[PDB]
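Peer 1: Quick one: the structure is below, questions incoming.
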Amino acid sequence: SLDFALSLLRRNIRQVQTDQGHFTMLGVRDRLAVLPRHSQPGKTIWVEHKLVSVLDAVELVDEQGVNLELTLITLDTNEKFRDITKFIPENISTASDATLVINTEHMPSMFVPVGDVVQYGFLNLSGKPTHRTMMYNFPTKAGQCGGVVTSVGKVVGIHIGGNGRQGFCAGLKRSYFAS
Ligand SMILES: *C(=O)[C@H](C[C@@H]1CCNC1=O)NC(=O)[C@H](Cc1ccccc1)NC(=O)c1cc2ccccc2[nH]1
């Protein structure tokens, strides 16, 4: 079923470009959105070919101070994202038979069946650590970062990396988005 993923594409998931290239952005509520940290959003970001000022950005770490590979940004806009925090679990959550939802200029409105999303934890890519990751046995590619991992009406992760055969996401929990 594509219905839940589609509802997020319509109201929450946007094509963006930063100085690092093309990414999928997840708007969570109000003016608050999340990107993979390595997208390095600057003082402005291109959202579907519109220049948008970024008011604040925080590169999240866990309590040990280790990178989570997620950056929260506040956009300078009067638009509000429909609040999806209720779909984000309170704890980092594995999932079965997930759909990775990608939306960039190169990969528009894309629904990728990635299979089960399984615990991984501490992951090192390019020599850089990330905590709270999960893995799927699907050959994800460049350009898919920021993709939204969904399963059974839950939003559980953001795509961050891959080795050519498997893919990895940063897990989401609801408290990351609390005010
Ligand atoms: C999204 O931008 C991209 C998606 C990757 C590319 C290959 N397949 C995918 O699914 N992510 C990356 O390129 C990450 C960026 C990153 C993430 C966290 C910390 C630091 C950098 N990097 C990788 O996926 C990556 C690095 C390396 C190095 C050697 C072999 C394979 C690698 N994958």
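Peer 1: Do any residues in the stretch 59-79 that are in contact (Cβ under 8 Å) with a residue 12 or more places away in the chain have Cβ atoms under 9 Å from those of residues that are part of a loop (DSSP other than H, G, I, E, B) and among the acidic types (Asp, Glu), where the two are at least six apart or on different chains, and which pairs are they?
Peer 2: Note: pairs meeting the criteria are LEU68/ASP62.
Peer 1: Just name the residue that is nearest to the ligand (Cβ to nearest atom) out of those in the stretch 111-144 that are more than 16 Å from the chain's Cα centre (by Cα) and not in a strand (DSSP E or B).
Peer 2: Going through the qualifying residues, I end up with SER126.
Peer 1: While we're looking at this one, here's another question. Just checking, how many residues over the stretch 145-174 are near the ligand (Cβ under 7 Å from one of its atoms), surrounded by fewer than 24 Cβ atoms within 10 Å (Cβ to Cβ) and more than 14 Å from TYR120 (Cβ to Cβ)?
Peer 2: Number satisfying all stated conditions: 1.
Peer 1: I'm checking my understanding of the structure. Among residues of the stretch 19-46 that are buried (at least 19 other Cβ atoms within 10 Å of the Cβ) and among the β-branched types (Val, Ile, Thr), which one is nearest to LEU100 (Cα to Cα)?
Peer 2: Checking each candidate, the answer is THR24.
Peer 1: Can you find a residue that is out of contact with any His (no Cβ under 6 Å at 6 or more places or on another chain), over 25 Å from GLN17 (Cα atoms) and either surrounded by 21 or more Cβ atoms within 10 Å (Cβ to Cβ) or not assigned by CATH to the domain that holds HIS38 (or both) anywhere in the stretch 99-114?
Peer 2: No; the residues of the stretch 99-114 include none that is out of contact with any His (no Cβ under 6 Å at 6 or more places or on another chain), over 25 Å from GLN17 (Cα atoms) and either surrounded by 21 or more Cβ atoms within 10 Å (Cβ to Cβ) or not assigned by CATH to the domain that holds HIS38 (or both).
Peer 1: Residues in the stretch 51-91 that are of a type in the set (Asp, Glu), surrounded by fewer than 18 Cβ atoms within 10 Å (Cβ to Cβ) and part of a strand (DSSP E or B): how many?
Peer 2: Within the stretch 51-91, residues that are of a type in the set (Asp, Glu), surrounded by fewer than 18 Cβ atoms within 10 Å (Cβ to Cβ) and part of a strand (DSSP E or B) number 2.
Peer 1: Among the residues of the stretch 33-50 satisfying the criterion of being of a type in the set (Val, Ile, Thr) and either without any contact (Cβ under 8 Å) to a residue 60 or more places away in the chain or part of a helix (DSSP H, G or I) (or both), which is nearest to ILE13 (Cα to Cα)?
Peer 2: Restricting to residues being of a type in the set (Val, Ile, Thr) and either without any contact (Cβ under 8 Å) to a residue 60 or more places away in the chain or part of a helix (DSSP H, G or I) (or both), the top hit is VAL47.
Backbone-built Cβ (ideal geometry, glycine too); neighbour counts: all protein chains shown. Numbers and lists here come from the model and the stated rules, or from a named source; these are not laboratory values.
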